[PDB]
Structures are given as structure tokens and as C-alpha cells.
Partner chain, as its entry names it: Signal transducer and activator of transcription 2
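Only one chain is included here, represented as C-alpha cells and corresponding to the form solved without the partner chain.
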């Protein structure tokens, strides 16, 4: 007896205990999304099974390094071989599985690398001749209540991978039951010849003793097996049987081509930049060899120390949300060791097929037209350092350094160099999302060149027709409605999968055309920004090595990296361009992306001049977020130009017609939907609204360290005064907002920062600010009669409120409301003895 002591404890165990025990303290991956998307026909990004994740756990620790020809016996739907398709050093993948009634048939998928992946069904790998291969995977092994049975099957598959192994071969072989001495004897033999060791995957459920014979591992067999046997036993009795959740594998998209992938850098530009990082180390520096990067250019690494609080005031006043998981889990921070590297390899380590010649012309003329149209009633310019320092409204405190005078001599050095045509301190530092931090000095230069776009309001709706820059949420809704009035098809709000990684080099050269309309000292500077630091970036990213974390530095030309405040401009620009070119395609201006006939290149030019402005007004565009009401619904199939520019829509098959909204109130825009609210006096309001959990959860989270109690309480007061001015139409949030203000000293000025208009920051009475923004100043309201009690401002309907997230009618919330006064005093008592107003209605 051994781990068989485990198996009878398990076989002798009820149905529900079994399911409880199965997923206890194990690691799981959220498959709800992929499983729903694969039914809807989405044939890329998604993994086809839990298997991809499982295998990724081995690969990212180098326990298997798949490479070359990859045979995959018992490939099932394809989880392992698809995953292997996108891996760097892999050149071919063949998957063989039985298939047939009772077994899994493979799933076809446009997953990254799929072109190198041949899955065959109707194949008994026990009956087929071996083939040359450089890495061999196998995942066969039927479990059974009976341990002797499984050793049988386990030994069968062990006797099979041996025919396929050579001695240099890489492998990952499931050992269904490694605790029987039948298997413990053969595995020792096998380990003597071919090496490796058994390794347990934490994503395996507790109901199977699977261990994987993986090539690049080492260790003693019997002990490794017994370690797992007691770990699985311990877990029968485990208190706290919740399961930890990983996000699933993002398996990419599109085909793989040895020639086309891989950056050829122009080290005559990124150069003076890298060897500077080198010198700042040169000791710990080393050119790693197993670097993961496959679409970026590697250069070297160096040591680096590996690298959100709850707001008690808000939290104490939102007690019914202490058990909603979509609220309390936003405060948790998911610091897996490979978690950053995973987002990089799946989402940023991607390439985009260069557009066709005809796409490129369409873009170049539309951009050429647009930049001119944007600059009719506007003129570029540099932006002062004093102008820059002025944003002392949010060394080691960009403020403190904004005057260390030294600073401006350092910014002064490289700035001449940009004028000569080089940089040295213009590197990005990377940190589901990525943010490309940059040196506080470098962000000056780019502000001094391109600051004018975000500072003279070039994408203001009034100046660029499609923009919504500088429009509060109390206007975007009326603006969408204004578009719905336009006569045409349905409203389309397609999102792009990972927009910034989809910026092409052509995209960047097109946007650089704003330097046409510049000239002088200025132009040369805004030429360096574009050419030197936008089209030719160098980046630092951390990465975990078996020698401890290192900071690789890599470089890539493609994609959008820049100041999150400057990229907004260009993203709107190019998206405006892209949505125009799509509108064309639907209307029929041009008919092929490969060539633009001279007589079509004219139609494009005409249309642009004859209706271009009108087409722009059919669009609400904020960066990659867009809303389009075109002439007819032929827009919903005009996908050739969209796809070829790289702006691949998110969450449907590449050539699936887009779905249009026939009710603007459901059109998602700027992370909100907008309801149409009618007062008791019958004036109509268009109000912003979103899942109320993302609102509560946001408000209960604090930025940074050192928040005192007076700050923590003024941050909550910001969130509350914002709720009552924007989300006043939701019961919970207006109650919670009133509670917060009754519990924070009424004389304290809210100061902090909510999101990214901010009328809720005044210390005025909120009802006054309400009347200003919603009545005496929105244009969509001609009757300027003031409302003089909160009992005049309306709510959504009950059913809408609880649909958009409310808790009204749940007993816990009802209890929260009867006692809100007890809660306000808990917090007031905590704050101390100050002057409090009482906003709660009776």
C-alpha cells in the first residue's frame, strides 16, 4: 500500500464531497469566456481546453522547452499543440488523437501559429509508426476507480513514448498513476536512460494523481511521488477549500512566418540609447540566451529587485457590498511570478501583417486630408517649460525635480541631441494591461513638441467633429443621442482587440504627417519625437530567471508607446481615419484593398471633400473607443480595410458582420451606457450609467501610501459628490453618497483625483452644482427653471436600477438603509468631533 491509501479514501467518498474535494486549494483557470466565445464561433485568442494553461505552467518554468517538430499524442481538441504553435522555437506541430464517438474531436482555430499545427483524428497512437521529432508530448491516461487498471494503462503509454523518444528529445508525458510499483519501477528505468523527473501540475484537480514526466526536470522518483501522495491526502481534511484562479491562456491570432516575424532594428538610432543602459551596469550585465521574446529585439539584462489599499471610510459605509465578490476582489492584487511576463508574451509579443498597397494609400490620403482639416482653425506650437512646470497640479517627486535646475540642464542635453538626431535617456519602462512609464524629462520633450494637441483641444468635438475631448459624462450621452438623430443605419460600437499593439508603422508615419503643418525649431523636435522615440522605441521589462529577476531591455519599431496623455490624441486621430476609411468601404467608394485605381483614388479624394465632414459628425470617438452611425447598414460588413489596417474587431470572427444597435441607450461608449431620464416636470435628461459594482469597488480603493484619515475621508467625499452629480439616478449610489457626506466633516474640501470635467470637486452645495451642470448649462435643455429639492431629481426605474447593478429589494440592502445612521456615526466617531451636516432624507 502507498498512495493507494489515497485512492481508496477517494473511491470511498460521497458524490458531493467528491466534487468539493476535486477543486480544493488547486489552481483553476476561468474558462467561462473562452467556452462562450468558442460557441459564438470565435476561432482565435481562445484556448480550446484547460490543457493550454496546464502546459503553459510547464513551459514558462522551462520544465519543457518545446522546439522543432512537436508530436502530440492524444491531442484531443488541441490544447497542447495549439499552445505549442505560438511558442518561439517551434517549427511544426502534429497532433494525433483517437476521436470518434466517446472521445474528443479536434477544434479548428485561427490561434497564433495555427498554420504550423496539423491535427489528425481517427488515429490510435498505440498502432502508428514513430516519426522523427524534437519534442514529444503525450497526455493519454484514462482514470479508473481501480488502481491496477490504471497502472496497466499507465504502463501502456509509458511503453509507447519510449518508442518515440530519442536521447536528445524534449518531452512532457502524463503518468496517470505514478504511485503503483508497476509504474515506480518502469519510471526509474526510463529516468535512468532518458532523464527528467516526475512533476505535479498545480492545475490538475485533486481527484487524479497525475504527474508529468517532463524532460528538463530532475529529482528522485519515489520521493516526488510520495510528496504528492501526502499532499493529496492532507487535502481531504483541508479547511479553506477555495480555489485560486488564473486568467486563461491568450493564444494570439494570425499565422506565423519565420521571415516576417522578428524585428530588424535600426541600431543606428536605438544605439547610443542601449550602451548607456549597459554602462550603468556592465558588471551584472549579461546577454541571456533563453530570452522569450519572439517579435521584439533582445539586447541584454541586469539585476533588479522584483517589483492598492482599501478606503475604510467608504468601505465602512458600503457594508452590504462586503460579500459581493466583484467588489471585494478589485482590492486584491494578483502577484503571480509569471503574471506580467504572461501579459507580455500573449498581448504585446505580437506582429501585424503590413497592410496592402491600396490600404496604405487610402490611409495616407485620409490622414493627409484629416490633419489639414484639423488645422484649419488651429495652428501648432511648442509648449513652455513654465507651461510644463505649471502642471504642478498632478530626485523623486516630479514636482521637486521640476525645479532642481539640474533637471532642465539634463533635459537640455538630450534635447540638443534630438536636434542633432539621437537620444540616450528616452527609454520606456514597462509595468491584462501594460503602461509604458517614461523618464520625467523625456515626457517633457514630447510635451514640448506634441503638447499642443491635448492643450489647444484639437480633438475637441467642435474642432474635429468626431472628437469628444473635454466633454464630461453629462454630455457624452446627449452627444450619442445627437448622433442617433442622424439618418442612417444602426449605431456600431466595435472595439478593437488590443488597439495599441495594433498600431502599425504606417499608422505612425501617417500621424507624423502633422510635422508638415509645423516648421522651424519646432518641426525638428517633433520629428525626433516621432522618428526617434515613437517609431523606434527601446523598452525595459522585468523577467524571472532561475537566477532571480532580471530587467531585459528590448526594442521594437511597431505599436503605440507614449505618454498616456499624448497617445489619446493620436489614437483618436488614427481611429477617426480608420472609421472614415471603413465608412467609405461600406458606401462603395473603393472596392479592393490591393490596388487603388487612379479613378478610385479620385472618388476617395472627392467623397472626403464632399461629405467627409458630414461623415465625421456621424461618429463619437475617444481614443480607441468609437461610435459610428453610417449611411446604411452596409457598414456592418465592410471589414477588408478594417482588418487589413490591423484594427481587428474584438470578440467575433474576423469576417463576421458587426452587430448594430437600434437603441442608442444601449450603445456602450467610454465605459458607460446612457439612460434617457424624464423628470417629474417632463424635462429629459441623458444620464451616464455603468455596472454599479465597478463604481462601489472603485470607490473603496485608495491610491498610494501615507493616506491619513483626513485624506482617506476626502477621497471618499470626492467619490460621493461625484456619485450624486453623475450617478444620482441610482438608489444605492445616491444613498451611499449622502451617507458619506453626512460622515465626513462638511467643511472638508475633497481633494485627490477620481478618474481620467470634474465639477464634483467644489465645496458648493451639491444641489447647486447639479442645477448648474444639468439645467442652467446643458444646451439640450431649454427650460432653465431651477429645481430646488433632491426630491425633484429622478431615479431610474427600479427594474433598470437592479439590472444595471442595484441591490434595492434585497433584504441586506434594506437593512443597510434603515440603519444608515448607525453607520454614519461609526465613521463620524472614528473621524473625531467636527462639524457635520446631515444629508440623509427622512
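Numbering follows the first chain given and starts at 1.
A second form of this protein, the form solved in complex with the partner chain, is not displayed here; the remarks below concern that form.
- The three marked residues, 390, 517 and 786, fail to reach the partner chain in the entry with it bound, with no heavy atom of any inside 4.5 Å.
- Interface residue remark: residue 552 is not counted as part of the site for the partner chain in the entry with it bound, having no heavy atom within 4.5 Å.
- Contact between residue 812 and the partner chain in the entry with it bound is found at the 4.5 Å heavy atom cutoff.
- In the entry with it bound, the partner chain lies farther than 4.5 Å from every heavy atom of residue 778.
- Residue contact check for residue 659: one or more of its heavy atoms lie within 4.5 Å of the partner chain in the entry with it bound.
- Interface residue among 749, 705, 678, 323, judged by heavy atoms within 4.5 Å of the partner chain in the entry with it bound: 323.
- For the options 346, 693, 469, 587, the one in contact with the partner chain in the entry with it bound, meaning a heavy atom within 4.5 Å, is 693.
- The stretch from 59-67, 794-802, 22-30, 770-778 that comes within 4.5 Å of the partner chain in the entry with it bound, counting heavy atoms only, is 794-802.
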